[PDB]
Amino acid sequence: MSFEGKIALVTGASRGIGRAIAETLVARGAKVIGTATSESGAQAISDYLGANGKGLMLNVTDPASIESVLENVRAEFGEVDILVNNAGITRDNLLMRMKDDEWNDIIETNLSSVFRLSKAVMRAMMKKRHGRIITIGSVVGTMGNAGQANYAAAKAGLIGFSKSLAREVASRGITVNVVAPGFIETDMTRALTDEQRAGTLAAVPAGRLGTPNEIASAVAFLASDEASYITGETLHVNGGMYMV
């Protein structure tokens, strides 16, 4: 089992991709700490993890929340070996309608969060001479998308951040990578009309949406000892929607 003895922190693990990531790391031997933004969300994460981890309330924009969560992780489980930055929001609008706080909230939540959490786990990874940081990107970070300039900025920015951090820590056995999903099936997409789905599918050579478990498999590959020579990279998981 790949992750026996490892402690993973997966931000935004309530559902969909973040839950599939948490469950996959559990299935391969890790102890997982999954986060949500509320105390009930955190309890629902504890309920699915059971004996293989815990749910905690974390707001990745608030440094006091980050510090409190990591202290709790350290007391109960130990140091973080694997950080998976999945927490992310969208607040879409065309530029002229985009409010200052819609811009700021996305930049804080989706880009500056990657800085804060990576900084907060890095020292203990450097001491172990081994670490994994994986952030969940988006195809929109590379292509752009009308009405999502805030989101695209954050998702492109976290790649620049990750490349620079990778260059600093590569020689100490820590890799820093991004997984960029395409269109993935969630509750959201399951609620759409057949016509809304058909237009999304038309953009995907594979002819289907991706599944959360497909993103989890890519994360788990990069987090494993079989990916120790991959750093500063973006792994695109999108059914051929965008080929780099």
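Counting begins at 1, following the sequence as shown.
Novice: Identify the stretch, either 192 to 200 or 36 to 44, whose C-alpha atoms have the larger mean B-factor according to the entry.
Specialist: The deposited B-factors put 192 to 200 ahead on the C-alpha mean.
Novice: For the C-alpha atoms alone, is the average B factor greater in 178 to 186 or in 65 to 73, going by the entry?
Specialist: On average, C-alpha B-factors are higher across 65 to 73.
Novice: Quick one: which of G141, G160, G78, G131 shows the highest Cα temperature factor in the PDB entry?
Specialist: Reading the PDB entry, the winner on C-alpha B-factor is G78.
Novice: For the CA B factor values reported in this entry, which option in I107, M96, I82, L165 has the top one?
Specialist: Of the candidates given, the C-alpha B-factor peaks at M96.
Novice: Mind checking which third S217 falls in for C-alpha B-factor across the chain?
Specialist: Its C-alpha B-factor, which the entry lists for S217, ranks in the lowest third among residues of this chain.
Novice: Looking at the C-alpha B-factor of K127, is it in the lowest, middle or highest third of its chain?
Specialist: Highest third.
Novice: Can you tell me whether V237 has a C-alpha B-factor in the lowest, middle or highest third compared with the other modelled residues of the same chain?
Specialist: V237: CA B-factor falls in the lowest third of its chain.
Novice: By the recorded C-alpha temperature factor, relative to the other modelled residues in its chain, which third is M1 in?
Specialist: Answer is highest: the recorded C-alpha B-factor places it there.
Novice: Test of reading the entry: by CA B factor among the chain's modelled residues, which third contains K155?
Specialist: Lowest third, going by the recorded CA B-factors of the chain.
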